[PDB]
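# Topology and contacts: notes
For reference, the chains in residue letters:
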Amino acid sequence: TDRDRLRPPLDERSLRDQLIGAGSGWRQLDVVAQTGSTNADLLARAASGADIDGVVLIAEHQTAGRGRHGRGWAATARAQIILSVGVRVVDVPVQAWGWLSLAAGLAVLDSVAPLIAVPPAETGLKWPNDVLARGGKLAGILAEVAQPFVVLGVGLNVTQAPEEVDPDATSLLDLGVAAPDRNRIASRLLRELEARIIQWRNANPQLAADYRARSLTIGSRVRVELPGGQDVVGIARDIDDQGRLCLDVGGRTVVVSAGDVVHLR
Ligand SMILES: C[C@@]1(O)[C@H](O)[C@@H](COS(=O)(=O)NC(=O)CCCC[C@@H]2SC[C@@H]3NC(=O)N[C@@H]32)O[C@H]1n1cnc2c(N)ncnc21
C-alpha cells in the first residue's frame, strides 16, 4: 500500500541513546522484527528468573497479539507502536495495582495528544484502558502479572488502517497526522510512562487527578459488559483507589473491577 511508504523502521540505537542512561529509569531496550506477543515474551523472561524491571521490548510486528479477557490484538508490520515494559510492583500494596494500568493509558494519551492539529470530540480515556480519539480506539493497554512484576503492554495505532484490525479502530494517520514519526512518539511515550509509573509507586494524587481530567467515561451513560456475559446500565461517576469503576444505577452504587464499557447517548 501507500501507507508502507509512511512506515520507516524504528531506530533501536537512537532509542537506546535517548532512553537509557543518567536521568532515565529504563535499563534495557530491544526492538525485534517480529514476535507472537511482547507481553508473553517479557512474562517468559520473568518466569525464567530475569529481572524485567525497567526492561522495554518493542516489536515491529506482532502475529499473536493478546487483548484483555482472552481477546486478540491485530497488527501489521511497522503500523503500530507495539511494546511491553516490566514493572516491579511487590513494593506496592496489591489493592493499588489496578491504577498502574490506568496510568499507562494516561501516558499513552499524553504522548500523542499534541500531534493532532485540533482534538476532535470523544478524545481521551475509556475505562479501563482504552485510548479513544473521535470515538475510535487509538490504543489498547494490557497489564499482566508475574511476581514480583507486572508486564504492561501497549498497542498504539500509528498508521494502522482500521480495515486491517477493527471497525471501531482509528490511528494517528486517520486522525490527520500526515507523517507520524514512530521514533519520536515511542520516545515520548516511554518518558511519559516512566513518570506515571513513579507517580503510581509513590501514590501521587496527581495521577488520579490527571486521569479524571482525561476520562471520557466519568459522567457518561454507560453499558458495562461484565465478565460472564451480564450487562449493567448506569452512569459512571468515579474511579476508586483500586482503579475500579463506580457506577450510579438508579441511585445505587455498583463498583466494577473489570468489564467492557460502551458510552451511551
Ligand atoms: C478485535 C478487537 O475488537 C479486540 O477484540 C479488542 C481487544 O480489546 S481489549 O480487550 O480491550 N484489549 C486491549 O485493548 C489490550 C490490547 C493490548 C495489546 C498490546 S500490544 C503489545 C502487547 N502484547 C500483547 O500481546 N498485547 C499488548 O480490540 C479490537 N482490536 C484488535 N486489534 C486492534 C487494533 N490494532 N486497534 C484497535 N482495536 C483492535
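### So, the packing of aromatic side chains
Tallied over the entire structure, the rule returns 1 aromatic pair. Look at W99 and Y211: their rings are 5.5 Å apart centre to centre, the planes differ by 85 degrees, and that puts the pair in the edge-to-face class. In this pair, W99 sits in helix 3 (residues 98-112) while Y211 sits in helix 6 (residues 205-214), placing the two residues 112 residues apart along the sequence. On the basis of relative accessibility, which here comes to 9%, the residue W99 falls in the buried class.

### Points about the sheet that holds strand 9 (residues 149-157)
As summarised here, the arrangement of the 7 strands in space is 1-2-5-9-8-7-6, forming an open sheet in which the pairing is mixed. Whereas interior strands pair on both sides, the edge strands pair on one side only; in this sheet they are strand 1 (28-35) and strand 6 (124-126). Averaged over neighbouring strand pairs, the angle between their axes works out to 20 degrees when direction is ignored. Bridging between strand 7 (residues 130-133) and strand 8 (residues 136-146) involves 4 bridges; their strand directions are antiparallel. For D130, the partnering residue across the bridge sits in strand 8 and is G140. Along the sheet face, helix 5 (residues 182-201) touches strand 1, strand 2 (55-62), strand 5 (80-88) and strand 9 and points at about 25 degrees away from the line of strand 5.

### Regarding the packing of helix 5 against helix 6
Two numbers describe how helix 5 lies on helix 6: the axes approach to 9 Å, and their chain directions differ by 125 degrees. By the angle between their axes, helix 5 is oblique relative to helix 6. Residues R196, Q199 and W200 of helix 5 lie in contact with helix 6, whose contacting residues are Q206, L207, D210 and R214. Classifying every residue of the contact of helix 5 with helix 6 by side-chain character gives 2 nonpolar, 2 polar and 3 charged.

### So, the domain arrangement of the protein chain
Domain parsing of the protein chain yields domain 1 (1-217) and domain 2 (218-265). Computed over C-alpha atoms only, the centres of domain 1 and domain 2 are separated by 24 Å. In this complex, domain 1 contributes 17 residues to the contact, which on the side of domain 2 involves 20 residues. Taken together, the two surfaces of domain 1 and domain 2 that pack against each other cover about 1500 Å², and 52% of this comes from carbon and sulfur. Here domain 1 and domain 2 share 2 salt bridges between them. In this structure, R71 and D260 form a salt bridge, with 2.6 Å as the shortest nitrogen-oxygen distance. Counting the contacts that link domain 1 with domain 2 gives 11 residue pairs in polar contact. Contributing elements (two or more residues each) for the side of domain 1 that touches domain 2: helix 3 and helix 6.

### Side note on helix 1 (residues 12-19)
By the N-cap criterion, in which a side-chain oxygen at the helix start approaches the backbone nitrogen of a residue two or three places on, helix 1 is capped by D11, the distance to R13 being 3.3 Å. Where helix 1 terminates, the next one or two residues include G21, which has phi positive at roughly 150 degrees.

### Examining the layout of surface pockets
The computed volume of the largest pocket comes to approximately 870 Å³. Lining of the largest pocket is provided by 39 residues; of these, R68, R71, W73, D130 and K137 occupy positions nearest its centre. Taken together, the elements giving at least two residues each to the lining of the largest pocket come down to helix 2 (38-47), strand 4 (72-73), strand 5, strand 7, strand 8, strand 9 and strand 14 (260-264). Here the lining of the largest pocket is composed, by residue class, of 14 nonpolar, 15 polar and 10 charged.

### Notes on the pattern of salt bridges
Per the stated rule, a full pass over the model turns up 22 salt bridges. Put simply, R16 and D30 hold a salt bridge, and the shortest N to O gap is 2.9 Å. You can see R16 sitting in helix 1 and its partner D30 sitting in strand 1, a full 14 residues away along the chain. When its relative accessible area of 32% is taken as the criterion, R16 is described as partly exposed. Residue classification places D30 among the buried residues on the basis of a relative accessible area of 17%.

### What about unusual backbone geometry?
A cis geometry characterises the amide bond from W127 onward to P128, with omega recorded as 0 degrees. Its location among the elements puts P128 in the loop between strand 6 and strand 7. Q147 connects to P148 through a cis peptide bond whose omega is 0 degrees. Although it is not a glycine, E122 sits at a positive phi angle of roughly 60 degrees. Following the sequence through the fold, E122 ends up in the loop between helix 3 and strand 6. Residue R134 is not a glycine yet carries a positive backbone phi of 60 degrees. As for its placement among the helices and strands, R134 is situated in the loop between strand 7 and strand 8.

Conventions used here
- Residues numbered from 1 in each chain as written, not as in the entry; some residues may be left out.
- Heavy atoms only, no water.
- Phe/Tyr/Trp six-rings, centres within 6.5 Å; stacked < 30°, edge-to-face > 60°.
- Helix = DSSP H or I, 4+ residues; strand = E, 2+ residues; numbered from the N terminus.
- Buried < 20%, exposed > 50% of the residue type's maximum accessible area, 1.4 Å probe, protein only.
- Pairing = 2+ DSSP bridges.
- Axes fitted to C-alpha atoms, helices over the stretch in contact; angles between N-to-C directions.
- Contact = heavy atoms within 4.5 Å.
- Parallel < 35°, antiparallel > 145°, perpendicular 65-115°, else oblique.
- Nonpolar A, V, L, I, M, F, W, Y, C, P; charged D, E, K, R; others polar.
- Domains from an automatic or database assignment.
- Buried area = accessible area lost by both parts, 1.4 Å probe.
- Salt bridge = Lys/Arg side-chain N within 4 Å of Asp/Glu carboxyl O.
- Polar contact = N/O pair within 3.5 Å; in protein donor to acceptor, adjacent residues only side chain to side chain.
- 1 Å grid on protein atoms, 1.4 Å probe; cavity = no way out; pocket = protein on both sides within 12 Å on 5 of 7 lines; lining within 4 Å.
- Points joined across faces, edges and corners; volume = space filled by probe spheres on them.

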